[PDB]
Amino acid sequence: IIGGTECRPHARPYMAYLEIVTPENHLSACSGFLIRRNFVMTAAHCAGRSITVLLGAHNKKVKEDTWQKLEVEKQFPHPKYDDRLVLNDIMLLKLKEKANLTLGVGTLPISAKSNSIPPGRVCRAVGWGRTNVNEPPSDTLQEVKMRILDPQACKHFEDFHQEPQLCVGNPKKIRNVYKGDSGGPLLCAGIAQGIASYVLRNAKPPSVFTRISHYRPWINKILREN
Amino acid sequence: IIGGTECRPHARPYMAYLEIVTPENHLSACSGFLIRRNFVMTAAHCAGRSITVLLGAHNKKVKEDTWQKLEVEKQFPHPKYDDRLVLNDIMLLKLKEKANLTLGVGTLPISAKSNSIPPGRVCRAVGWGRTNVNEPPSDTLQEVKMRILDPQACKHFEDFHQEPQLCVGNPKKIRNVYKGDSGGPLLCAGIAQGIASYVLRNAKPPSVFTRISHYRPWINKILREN
Amino acid sequence: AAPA
Amino acid sequence: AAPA
């Protein structure tokens, strides 16, 4: 999160820190959020050989009672995900065990198929990514305000599509998401409306987020049969 | 809450304790729950000249850093609230400023026109009411399990309607809600299905709760315009 | 029937 | 672009 602020400790109990072993066998990390006791939502480009889920944390370097580290039982990257174009970048992770909805851990309601967000609205991105281009991933959970822009502000991204994606972040500001924030939710009025997908290497906004409402039917099917 | 148990401190961060100055200038109290950073849902009969909301408290007589006392700037009593028959006893409260999310303060997702829970389902009622007919209001947040009953179980209640209200509480038990619990939420699976409305002076269950799903449309309208 |  |  760039230009953000540190979140209040355990104020967003649905946030998940993901440690990934990529298919290329590289060690990586992403953000994510719990939408049901045994299902975490995140970005498809965070898929891999194995994945661990850490819930109930604020500072990933400080172990606390609220900590709940769960293994991922099954990965559900969107069937139409395209790594080259980075399209349909959304994934559902079924946990080996159900998380305990006690203190520090809770779920996050997601947007309805026809309850999406209109340009102009100010939402909040939340993740564990880098606080800047050459800065390290933040130990503490961060959050920053970002405005939804008209799809035209993202025409410089040759593979962008307003239907399944969102154009977020006033280009005149530094506020934005970056490496490590993928899978994190974009909230507007306490509801997850998007998922951080990709950004510009120099961190200049806006950025692209997966529009959750567009995949509501697919998400429901997974949660229905699992 | 009669015959229930103390809640885990801060385990239900949406609970609100309302201090009211009734229209006839008397001092009273009710329960409620935060459904949006600046909106509290409670019972309509809890309306008055002024109201203040206390969030982030477990024991109301023990101040903590998680305490947030906010004034209500606007009362949204249901349009067709019927004082005498106690119908449409539901109310939304707009706070002067949005509450800050912390480990002790969060929101509660509400039921949608359908998800309504079926008879037989055991839910939990939460409030700061009296622990028994002749006992004082509880200092600490209380919780109690109660079953949804066939609407016939509430036949002795002259104006009970199965569509907008729920009949809750095995009449063979002492488990029940009571004075001070009004406005409290009735949660099933972690989803707010109802609002404590009225009881028998002798505390014999069942009690009557307002069926949230039945007013979803009205709730949504108020939230969109405020 | 008494409103709580 | 770069996927985060």
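A few notes on this one:
- As a summary of the residue check, B:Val168 satisfies the conditions (1) touching a residue at least 12 places away in the same chain (Cβ under 8 Å); (2) over 17 Å from C:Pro3 (Cα atoms) except for the one numbered (2).
- A:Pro136 vs. criteria farther than 12 Å from A:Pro206 by Cβ, away from chain D (no Cβ under 12 Å) and buried (at least 24 other Cβ atoms within 10 Å of the Cβ): no
- On inspection, B:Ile35 does not qualify as among the hydrophobic types (A, V, I, L, M, F, W, C), in contact with a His (Cβ under 9 Å, 6 or more places away or on another chain), part of a strand (DSSP E or B) and under 27 Å from B:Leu103 (Cα atoms).
- Those residues of the stretch B:56-77 which are among the aliphatic types (A, V, I, L, M) and either out of contact with any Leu (no Cβ under 8 Å at 6 or more places or on another chain) or in a loop (DSSP other than H, G, I, E, B) (or both), in sequence order: B:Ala57, B:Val62
- Residue match in the stretch A:77-87 (condition: within 14 Å of chain B (Cβ to nearest Cβ), surrounded by 14 or more Cβ atoms within 10 Å (Cβ to Cβ) and either of a type in the set (S, T, N, Q) or under 25 Å from A:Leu54 (Cα atoms) (or both)): no
- A:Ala153 falls short of the stated requirement of being within 28 Å of B:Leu223 (Cα to Cα) and not basic (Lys, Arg).
- Number of the condition not met by A:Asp159 [criteria: (1) within 14 Å of chain D (Cβ to nearest Cβ); (2) in contact (Cβ under 8 Å) with a residue 40 or more places away in the chain; (3) surrounded by 15 or more Cβ atoms within 10 Å (Cβ to Cβ)]: (3)
- Pairs with Cβ under 8 Å, 6+ apart, first in the stretch B:172-198 and outside the structural domain of B:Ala43 (by CATH), second among the basic types (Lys, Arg) and part of a loop (DSSP other than H, G, I, E, B): B:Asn176/B:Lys204; B:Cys188/B:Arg121
Table: residues versus (1) among the small types (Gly, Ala, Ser); (2) surrounded by 16 or more Cβ atoms within 10 Å (Cβ to Cβ); (3) more than 14 Å from chain C (Cβ to nearest Cβ); (4) closer than 19 Å to B:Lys179 by Cβ.
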residue	(1), (2), (3), (4)
B:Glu6	no, no, yes, yes
B:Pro13	no, yes, yes, no
B:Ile20	no, yes, no, yes
B:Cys30	no, yes, no, yes
B:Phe33	no, yes, yes, yes
B:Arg36	no, yes, yes, no
B:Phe39	no, yes, yes, no
B:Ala47	yes, yes, no, yes
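- Filter result for B:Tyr17 (of a type in the set (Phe, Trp, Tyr), touching a residue at least 24 places away in the same chain (Cβ under 8 Å) and closer than 22 Å to A:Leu103 by Cα): yes
- Number of positions in the stretch A:147-164 that are among the acidic types (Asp, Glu) and within 15 Å of A:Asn88 (Cβ to Cβ): 2
Because the Cβ atoms are built from the backbone with ideal geometry, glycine has one as well, and the counts that use them run over all protein chains shown. Basis: the model, the stated rules and, where named, an outside source; no laboratory instrument gave them.
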